[PDB]
């Protein structure tokens, strides 16, 4: 039946899976203690001002006032009371026992000031809990490479292969693969490149490196005249110092945040003359993917042990003679 | 007249269209009951603390106080009153009947604590109603494929074709098409690929797969020597087990979120020797698109019933002899 | 001197320039009247509830209460008072004259409910003023095409050219150009394509269509054997029904929102045998761009009046004989 | 050992490194004084209204009221008191001394109005402190070009080279390089291009311009028949007026904001017959990058002083004879 329903939906089911710009990430909870401190500082500061004012105006000795005398702020009898009024103003709780009066302009202006300050402050609190909210780090890896890469024969050509798959049913828009052989080398003129990155060809020029990934795919590198692996046999493989890097880029269907997935195979991690265990099965009305067979491989004794280079050379001696 | 006005505007009119990172999507309204619970828990907790304090300080028996005795918080006569003061503090309603006094530091500190807690809490409430606000799922599909794909003759070549169109007047920046024949196969060496994805060529190498989509377009795949459809005739079509996938990627003009539109044609869903009904008409000063003709097709009896492979083979026998 | 400073900075100066997902864009100010309505509805509803409660409990006739009788909410003497208490609760103004008491659980629960409701409501208000805040429409066009396109001779080849430029000093990351001849045509087999889009080659295959745009650039299309313009002379130009579309895509340096800039030239809008007036001048220590010369052009009488096709044909008759 | 751990992690360590849409960026702190003004204006306006009402209703002479007379708003004895009530309403502090009463509908409606206004206002305040919060300018440059570019011999070919490196351990998804020779020139037909941008080939056609950048890389431009540098020797280099631009695009792993890094080399800034000092060293279990050697270079006297053009020409005279 259908691999892709007419609406784009996929027919597969997955089984058996195991300046201050730095302030956005500024801290885990240290920002919370930071803001709690921000408040405390502002509350204590304005309380001291209100207490200074009540002290000077002489309210401390007549906090409630009377017919002849009106406090700047009612009911401030000390610094503790002062502290309270400041809080109630900024928090805008405003119980009202401590209350401003029309007497002192300085006091009124001070409330006016404290109100704006207070607003700005928690306004920023929402911004910091915005930044730190969505600006992640450590996004779960949705993509997977076979633990090993395989060298075997497919359709007459000798090929290095490895597997990639999505752990999520979510699609990868504009996905493409790359590979490089990495190793030190010395140029013809005797120049030293400590680690050289040599492209390994997955089909870029025809755009076959463009992939549609639903179920796990085996990526093919034909080893040929233009391959850095052209002169390598199965024995060389248990010798050589080279390492292969593999990449899969693309964009998460939901985010449109381009992703780059990486992994590596040492010469020692490449299994010659093997093949991957099929991960995809058809059961009646729909397709299943058994993810336990992902890394699993099996020997193909009929696989030639020599290098692709000698493989091709031999062909012509069986031609010429 | 003009297809594209000098300012970029398009001249067409459309007619007849029918960790906790998972918390962003955490729920529909279960988050609302979650937060309502968050509040309730904090309100009840602080009320119990205030009630514990009023109990110990002995306020329950003299809630209003007198000349010789001052409560930590005025007017707490029970747990219900206690509950109320907690609410009024956090909500910052602060009716003021239940009111803090300068007596108990513990109480003052508790208010101080409850104020910061309360702020943080709803600060987060705005973040959750941020995440859940714009982080969508199920974005309406703006793109469309003809229900069927057609095989006919164009400009001398035999071609598999299918239609794509935008349901919205909104443009697709950097849009491109891809296609693959999907089917099981067994390699020369006898290896089984359960479902193989073979590229179908829409013109990638010349970059003709890059498209400017205003009105609906017919996508052409020339069936030639290098096509997987090269050896297929009209009769094979009512036999074969293959399925074709089609893709259109690009980015919504507004969002710049790369989109990937999918659809499929079974061999059985491919109509041989047909053509699409034109969707675009010119009326005087501007262009119309009649979207009722989108999926509509018609027979072209002059269309050859054989495979493109034999089509080409025959040419040379009418050459040689 | 330098076009690009060693830090990447550019040395040019510019002169003489003239479900409810739809709710994000839901309205201009109709959303503001919407929310104002949202509040009003909630305020009136809860006030009616509080008034219902005060009515039943018999508070209307003893609003202040006394030694033997305690109202659910103090000082509710009517619906107007009721309305007020509801407001003061939700707004959390809480003057305190109308005040809740520990008597009626129903009332307490109602306050509890109204508090959460109120919070959720304006929480959403911040989300709507978030969506409608940054989710724009009508982004100012930063990119510009010469009003006309020119056909002239450059470096021995006959070429259709047109100009593009940035109105902003801001760079375009990964910018590239495309062009298409648009016109109706009838296929060899007699099929009608109402408007056909034919690629015009700006150098894609070598990736010369990739451009670095600081000062305005002239885009070149070599008219050759593979060009749809190959058979066109200056006289044909004052006849033909074809139109040319031009595109420039890329991403705004700041936004990384891919942009697609469009414009068109009718055959009648193409000026044959002309050239563009240079927009870029060097003055001593830095480069200026005079944007008044952008669309300006001048005749080049030495320009051949014939089609590039006959231009090439003639070459060989002056070869053969 | 490993360059890339099996999970994608990199094995290198770095050492020795030194309408109103314009309102988003509208100002540094001028927006803060703007909003503070926004509040003040609204507070003063509503206070004047409340004062107008209290004046007309005759409350000024009986602010507290009595058995026979009820003020619209209690305790407004002047404009200063009026100012206060307005503040306490909007801020929702609501001390309660100045308090609304059920008498004047006009007043009630006014409170109702002031409440919604107040909410909208600071709602917007959160949006402006949203825009101005994350919409940056001046993002730190994470990418680096060698101060100079080198011409030397590698693997038999004469090549212009320059270095690029990431200052951050953060990866660049889909990174690619470009280069252009920039200089004035006059066309065959005698047309003047003030500054011409000529592509310099870094391997685009094979997609070798696609790079995987962990440690700093040397970018190679083979100087050959198709190079604008083909006819240039070491002596020409101390003469010529040309400048070379270099670009590196790609997307920051975290942001997915495409970045374009630029830099330039004047003919005078190109060091002929040199090579770069290796920046990468292997110490036991892991790789180090010494960033002090980045710009450092050394002479290679064996480097030919002539132009690649004559280099190749000479080859055939040592062939022919």
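Order of writing sets the labels: A, B, C and D. Residues in every chain begin at 1.
Heads up, the rule we're going with is that a contact is a pair of C-beta atoms (placed from the backbone, for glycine too) under 8 Å apart; a residue touches a chain by one contact, two chains touch by 3 or more.
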Copy pair chain C, chain D: interface residue numbering same or different (half cut): different
A-D or A-C - the one linked by more C-beta pairs in contact: A-D
Chain pair repeating B-C, as identified from A-C, A-B or B-D when over half of the contact pairs by residue number coincide: A-B
Centroid spacing, where centroids are CA-atom means, of chain A and chain D in whole angstrom: 20
Centroid spacing, where centroids are CA-atom means, of chain A and chain C in whole angstrom: 28
Touching two or more other chains - residue numbers and ranges from chain A: 88, 92-96, 126, 130, 251, 256
Arrangement of touching chains [line / ring / star / complete / other]: complete
Contacting chain pairs - touch in the sense defined above: A-B, A-C, A-D, B-C, B-D, C-D
Residue numbers on chain B that touch chain A, as the complex places them: 21, 24, 74, 88-89, 92-96, 99-100, 102, 105, 108, 111-112, 115-116, 119-120, 123-124, 126-127, 130-131, 137, 141, 147, 178, 180, 182, 187-189, 191-192, 194-195, 197, 199, 204-205, 243, 245, 247, 249, 251, 255-264, 266
Complex contacts: residues of chain D adjacent to chain B: 92, 94-96
Footprint of chain B on chain A - complex, ascending: 2-9, 32, 35-36, 39-40, 43, 77-78, 80-81, 83-84, 87-88, 91-97, 122, 125-126, 129-130, 133-134, 136, 139-140, 152-156, 171, 173-174, 206-208, 210-212, 215, 217, 251, 253-254, 256, 275, 278, 280-282, 287, 300, 302
